[PDB]
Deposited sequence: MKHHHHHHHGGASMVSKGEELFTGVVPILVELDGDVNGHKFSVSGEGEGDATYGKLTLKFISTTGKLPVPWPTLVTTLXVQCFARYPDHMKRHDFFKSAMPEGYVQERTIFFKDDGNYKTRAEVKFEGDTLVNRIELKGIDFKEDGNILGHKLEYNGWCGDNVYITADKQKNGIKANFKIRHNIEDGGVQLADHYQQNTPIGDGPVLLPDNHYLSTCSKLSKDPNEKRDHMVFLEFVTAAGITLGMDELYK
């Protein structure tokens, strides 16, 4: 049972190779996840200089297998059921009146470490916009809930949710997320009934870190199934 792999605290490593408007960047992340509490503590750094995009826009791209599914919902945890072989998480993130991210990630166990290896490609972004212009507040947020649906054709799931990035001088930058997860292995996975993940994140800085970075705390919990 892939859920048995998450009983305690599990170390995490994240790798992101990015390309926004032809400008490349790389982020390395590490930390740990505690699925019993749906808690994630992660630190991310840029290894290629100041990022061309704001950190909050990469939060969702940079491990839903660490969501806490209550006992009455554990039948619907596709993410852990696909472990240790893992799953492929793909997204298209449409930033309103701006460009879009297209991400492909592999979330799997490499030893005793849960690894998230990401390729990201962004196009059609505006220099005088909120993303390339770095006009987004540096702060976490809650929601919108990650609404998950079963995709029996792909033996996986799909998810849809909107992100509302606070704009520094008032306003919000909408980011429409469309998601699809498919297992890497051939083992039987859990296809869930409709439900959602509730997410609240906290972004902060390390006073001793000199590279462009993001200290990240997150709680993710599953809900939406009655009784």
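In sequence order, the deposited residues that have no C-alpha coordinates form the ranges 1 to 16, 79, 245 to 251.
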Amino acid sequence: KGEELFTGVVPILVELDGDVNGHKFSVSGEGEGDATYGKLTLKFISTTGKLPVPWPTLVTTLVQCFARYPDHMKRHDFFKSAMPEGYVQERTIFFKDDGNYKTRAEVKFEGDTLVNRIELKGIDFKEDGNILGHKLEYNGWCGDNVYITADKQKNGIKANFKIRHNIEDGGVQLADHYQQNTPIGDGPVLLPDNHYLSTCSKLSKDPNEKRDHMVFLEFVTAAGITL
From here on, numbers count along this sequence of modelled residues.
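Once the C-alpha B-factors are averaged per stretch, 185 to 193 and 27 to 35 rank with 185 to 193 first. Higher average CA B factor: 151 to 159, of the stretches 74 to 82 and 151 to 159. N145 sits in the middle third of its chain by CA B factor, as recorded in the PDB entry. Annotation for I118: CA B-factor lies in the lowest third of the chain's modelled residues.
Ranked against the other modelled residues of its chain, the C-alpha B-factor of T199 as given in the entry falls in the highest third.
Per-chain ranking of the deposited C-alpha B factor places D212 in the lowest third. When all modelled residues of the chain are sorted by CA temperature factor, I131 is found within the middle third.
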